[PDB]
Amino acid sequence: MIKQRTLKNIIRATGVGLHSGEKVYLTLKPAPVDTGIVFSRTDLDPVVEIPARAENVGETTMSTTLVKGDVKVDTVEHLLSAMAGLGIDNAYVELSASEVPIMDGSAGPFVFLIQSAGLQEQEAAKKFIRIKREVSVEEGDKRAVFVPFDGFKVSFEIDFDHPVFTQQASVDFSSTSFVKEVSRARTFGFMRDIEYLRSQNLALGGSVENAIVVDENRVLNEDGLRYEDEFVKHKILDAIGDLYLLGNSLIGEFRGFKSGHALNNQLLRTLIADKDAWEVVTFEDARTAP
């Protein structure tokens, strides 16, 4: 049967919040069967834990933020994307501040840390959400869609009227490596937006160390891009993080058109609300499973 996984060993890491600019200490701990992913603000007394679930997403439009009361955790999408990538069902994520460390702007450091400390299978069936019906959301010229698909796949398209722009990509994660083809894909910002956001006391941790910085014409980062299609691969990475807020791995296919975390969140909520469109499934034989 396909079994729930947690971590074998705890993992510690240090970084800076993209927005807060704060030094943050991160601890990933193993967790019992059916825990899910739980974020923990250890700096607070008493400690505040927010389950990494769609119901707990705050109305923050810079990044994916979890809330409970007036306590927040900012920029969860890259870490969740890394746990999604490696099929982690159960883990505590301890933080010493309000924001996940940005590290290098991608999921690579997080995927390295997780596999460094190993995975532990647990004596419980892994539960999957299987897409049964197409579910679509739009707003203006943006669109986000679930389609039934025997497997897991993400297609994305962006359309920036900028000289620096493939703006399309499609990855079947049952045939292609999350780790090799998507995990190293970094976040990106335009020089004028960064200048603005700095003026509003935001992007305080941003640098070429943790982002592709783009002016009107070109990539400013001396060493360039990691993929010809790094920008749209980072969109895929982000979506995979957002999807993992379902609290169960997906059997189906996602399509983004100029989508972001706000419309991504609308699609998760519309899916959860339409019980005709999905079922939870387990697999007694890993050999016959998609």
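Here, rigid core means the biggest group of C-alpha atoms that superpose within 1.5 Å across both forms. Numbers follow the displayed sequence, beginning with 1.
Farther from the shown form on average, by C-alpha root mean square after a core fit in 4 other deposited structures of this protein, is 60 to 68, of the stretches 60 to 68 and 219 to 227.
Take 238 to 246 and 51 to 59, fit the other structures onto the shown form by the rigid core, and average the C-alpha distances in 4 other deposited structures of this protein: the farther stretch is 51 to 59.
Where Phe165 is followed by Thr166 in the displayed chain, the model omits 1 to 3 of the deposited residues that sit between the two.
For the pair 43 to 51 and 235 to 243, the record assigns the higher mean C-alpha temperature factor to 43 to 51. Stretch comparison (89 to 97 versus 196 to 204) by mean CA B-factor in the PDB entry places 196 to 204 on top. Of the residues listed, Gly252, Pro30, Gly256, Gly69, the entry assigns the biggest Cα temperature factor to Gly69. Among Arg186, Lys132, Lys153, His78, the highest C-alpha B-factor recorded in the PDB entry belongs to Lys132.
Ranked within its chain, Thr60 lands in the highest third, by CA B factor from the PDB record. Sort the chain's modelled residues by C-alpha temperature factor and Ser170 lands in the middle third, per the entry. The deposited CA B-factor of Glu121 belongs to the highest third of values across its chain.
When the CA B factors of the chain's modelled residues are split into thirds, the value for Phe149 lands in the middle one. Compared with the other modelled residues of the chain, the Cα B-factor recorded for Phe112 ranks in the lowest third.
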